[PDB]
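A short worksheet on the structure shown next.
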Amino acid sequence: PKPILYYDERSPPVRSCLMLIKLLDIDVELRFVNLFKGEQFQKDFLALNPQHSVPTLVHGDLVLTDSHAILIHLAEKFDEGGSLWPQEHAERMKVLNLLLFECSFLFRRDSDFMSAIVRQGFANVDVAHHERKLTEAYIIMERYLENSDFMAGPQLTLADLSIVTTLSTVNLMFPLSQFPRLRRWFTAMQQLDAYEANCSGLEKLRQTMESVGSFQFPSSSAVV
Amino acid sequence: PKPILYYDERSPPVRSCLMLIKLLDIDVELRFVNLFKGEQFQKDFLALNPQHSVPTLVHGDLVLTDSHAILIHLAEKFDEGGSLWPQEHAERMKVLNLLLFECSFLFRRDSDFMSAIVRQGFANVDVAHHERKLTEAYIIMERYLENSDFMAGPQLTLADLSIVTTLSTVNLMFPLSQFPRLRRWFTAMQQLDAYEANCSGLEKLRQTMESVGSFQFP
Ligand SMILES: Cc1ccc(C(C)(C)C)cc1S(=O)(=O)Nc1ccccc1C(=O)O
Ligand SMILES: Cc1ccc(C(C)(C)C)cc1S(=O)(=O)Nc1ccccc1C(=O)O
Ligand SMILES: Cc1ccc(C(C)(C)C)cc1S(=O)(=O)Nc1ccccc1C(=O)O
Ligand SMILES: [Cl-]
């Protein structure tokens with residue numbers, strides 16, 4: 001039975017899974033869950049995933065409710081032996097470490113910022129506070145890229161797929177002018193055929209956020 | 001060379017690593033980084049871990065900056081063939097899925113609440129708001145425990161070690177009396193010899209929070 005992905009492409013973690021699915025040419029059934037309308041609280045979806053979150057993957061009996069587990073599972077089943085989720089223990093641990101950075105730091109802070117916009121309206125958000133917190137994430141990623149060409153080493157890994165979607169979302173608001181390594185890396189990610197899977201949901205998120213938050217992202221910020 | 005763990009045992013994720021180290025008899029060099037004094041910001045540690053977070057593990061050339069990577073790494077290096085980090089793919093994915101629940105949901109929400117105390121003062125925290133957020137996490141774990149004795153299945157895994165330390169920290173404020181499966185699970189975890197590794201840091205966190213929060217837990 002082929003994998004089933006419950007998804008809303010506005011979510012950066014969803015887009016990371018879509019990028020991997022395109023990159024590896026995985027045949028997956030897509031089932032849309034509209035987060036803006038609250039469909040993640042439908043009784044049947046809640047029973048499947050009590051965290052009421054996307055992405056959620058159903059693959060046979062296996063139910064995964066975190067993008068980072070979905071990325072690892074799909075890499076192991078469809079990029080077996082490959083370099084996205086590298087074979088050598090230390091290289092694999094490096095990728096895992098950066099996946100968890102994305103979960104615990106970059107996504108956490110972007111989520112905090114974007115949900116404050118939705119709850120309060122942009123005009124009432126402490127933007128300087130969130131600018132400091134997300135600039136710190138930029139600094140950390142710049143450090144990682146000062147030591148290696150991609151996030152977790154010399155070649156593309158799951159860490160880049162996980163991080164680039166949330167980075168592109170942060171960068172709707174906050175420019176990368178002061179971060180040359182992160183700009184070079186982001187530009188390189190944008191040249192990948194798989195990055196096409198990030199573009200549509202990023203734009204839909206931009207539209208939804210501007211509407212719900214009553215504001216406009218500065219057009220000059222996003223690297224394009 | 002033996003692993004080096006940079007730690008402050010007030011941190012629940014740190015305590016999860018301490019529990020695994022005791023559980024597996026890992027010879028580790030502990031290096032205390034006093035988070036209350038901001039030692040995670042001095043130049044050499046920042047250069048080591050720009051996230052300025054504990055636990056941080058240095059094992060040869062490998063530098064891990066997240067408790068869940070540290071748990072997996074130590075289980076793979078020191079408990080190959082064990083049930084804590086099971087080899088079968090579906091079981092391993094299930095443990096991984098719960099480790100990420102701890103990171104993304106349970107710890108995130110407990111960190112939100114505790115941060116609010118430190119930043120705003122306990123007297124100014126919207127306790128009802130955080131009670132709702134953390135009770136939702138209790139509800140989810142109760143569902144996870146519906147038909148299995150542990151978080152990720154019939155046996156103790158890394159997921160239980162990760163979750164129990166944060167759970168004990170949430171439980172400083174919010175009791176478990178309404179969640180029968182979760183309360184029984186927690187009592188069972190407290191019977192593990194390895195759980196002794198959680199006790200000191202939990203008490204030190206309580207004391208530090210009550211001092212800085214200018215308050216006193218229930
Ligand atoms: C991850 C995510 C999914 C869906 C959305 C929209 C439906 C708003 C387009 C936004 C985001 S987001 O990355 O911008 N973060 C939030 C923003 C607002 C509210 C909640 C969150 C959250 O993460 O829970
Ligand atoms: C990460 C951290 C930093 C500083 C502290 C001291 C209170 C000891 C200064 C504790 C922690 S902690 O690791 O002990 N957990 C939290 C406790 C309070 C607020 C936030 C957190 C959190 O992690 O977010
Ligand atoms: C199914 C399996 C069997 C044997 C192994 C090893 C011999 C490599 C331990 C690994 C796996 S696994 O494909 O499920 N592995 C990981 C999953 C999540 C995070 C890290 C790993 C990892 O391998 O380090
Ligand atoms: Cl593989």
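When reading the values below, keep in mind they use all heavy atoms of this one structure, side chains included, and skip hydrogens, waters and symmetry mates. Whatever order the structure lists ligands and atoms in, that order sets their numbers, starting from 1. Each chain gets a letter, A, B and so on, in the order its sequence line appears, and its residues count up from 1.
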- Item | Atoms in ligand 3 with a heavy atom of B:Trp85 nearer than 4.0 Å | 17 (C), 18 (C), 19 (C), 20 (C)
- Query: Among side-chain atoms of A:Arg108 and A:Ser104, is any donor-acceptor pair under 3.5 angstrom?
  - Reply: no
- Message: Distance alone, cut at 3.5 Å: any donor-acceptor contact between the side chains of B:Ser200 and B:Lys204?
- Response: yes
- Give a yes or no on whether a salt bridge exists between B:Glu88 and B:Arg92, defined as a side-chain N under 4.0 angstrom from a carboxylate O. no
- Is NZ or CZ of B:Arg109 both nearer than 6.0 Å to the six-membered ring centre of B:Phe105 and within 45° of the ring axis? yes
- Message: Taking distance alone, with N or O pairs closer than 3.5 Å, would you say A:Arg92 contacts ligand 3?
- Response: yes
- Query: Do B:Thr157 and B:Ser83 pass the side-chain contact (heavy atoms from CB on, under 4.5 Å) test, and can you show the C-alpha distance, the side-chain angles, and the key distance before you say yes or no?
  - Reply: CA-CA 6 Å; B:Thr157 65; B:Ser83 54; over 6 Å; no
- Quick one: sort the B:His59 and B:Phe78 rings into parallel, tilted or perpendicular, breaks at 30° and 60°. parallel
- Item | Sub-4.0 Å heavy-atom approach of B:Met93 to ligand 3 | yes
- Item | Between A:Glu91 and A:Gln87: side-chain donor-acceptor atoms closer than 3.5 Å | no
- Query: Is a side-chain donor-acceptor pair under 3.5 Å present for A:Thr166 with A:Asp110?
  - Reply: no
May I have every N or O pair linking ligand 1 to the protein at under 3.5 Å, one per line with atom names and distance?
from     : atom 1 : to       : atom 2 : distance (Å)
ligand 1 : 23 (O) : A:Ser111 : OG     : 2.9

- Less than 3.5 Å between some nitrogen or oxygen of A:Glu76 and one of ligand 3, yes or no? yes
